[PDB]
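Heads up, the thing below is written out as structure tokens.
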Amino acid sequence: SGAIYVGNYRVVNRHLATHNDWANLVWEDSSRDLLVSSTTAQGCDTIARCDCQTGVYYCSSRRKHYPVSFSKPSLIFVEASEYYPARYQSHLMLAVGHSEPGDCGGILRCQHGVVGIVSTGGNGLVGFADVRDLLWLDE
Ligand SMILES: COc1ncccc1NC(=O)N1CCC[C@H](C(N)=O)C1
Ligand SMILES: [Zn+2]
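Residue numbers (my numbering): 659 to 797.
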């Protein structure tokens, strides 16, 4: 679990969005595993606008943060799960690191701000849904 709170927006993994997220929907994209909902309170986070390929992510299944080197956002094949058929997920960044399904939502940050959230993993890989191209989150 986990979310990014920026301005009057909440960014979550689309497959973990709640009834309240869908009732206050701003934007969603199944190919990116992202959903953004509107909030009444002002959010605590800021979004990185950079080309960093290193950062630190929060891993809830270890109660720890780990440093990572990750690929540029790309179109990556993701195996079928209970949430989606087998498909290509876009804007995904992979790194070597630990994850379990419940780690989805953990934030990846660089020195500039939030880069994305944990969205996929397995066998010592972890994948992050990038949010740095979503410029409207800041307006
Ligand atoms: C962090 O996730 C994991 N980590 C380790 C083992 C397995 C997983 N799970 C996944 O990768 N899933 C399940 C949830 C929906 C994901 C998607 N973005 O399509 C795919
Ligand atoms: Zn950065």
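Here a beta-carbon is modelled for each residue, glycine too, at the ideal position from N, C-alpha and C.
With DSSP run on the structure shown, which of helix, strand or coil describes residue i?
i	result
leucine 783	strand
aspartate 796	helix
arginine 672	helix
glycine 755	coil
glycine 774	strand
Per DSSP, which residues does residue i bridge with? Please list them.
i	result
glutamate 740	According to DSSP, which records beta bridges pairwise, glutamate 740 is partnered with nothing at all.
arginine 790	Beta-bridge pairing links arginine 790 to no other residue.
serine 689	Per DSSP, none; premise fails for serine 689.
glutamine 747	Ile734
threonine 712	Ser727
Going by the beta-carbon positions, is the gap between residue i and residue j smaller than 8 Å?
i	j	result
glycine 713	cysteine 768	yes
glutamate 758	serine 719	yes
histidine 673	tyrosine 741	yes
What's the call for residue i, buried or exposed, on a 16-neighbour Cβ count within 10 Å?
i	result
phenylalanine 728	buried
Do three or more CB pairs link the stretch 780–795 to the stretch 746–753 at distances below 8 Å? yes
Contact the stretch 663–680 vs the stretch 691–710: 3+ CB pairs below 8 Å: yes
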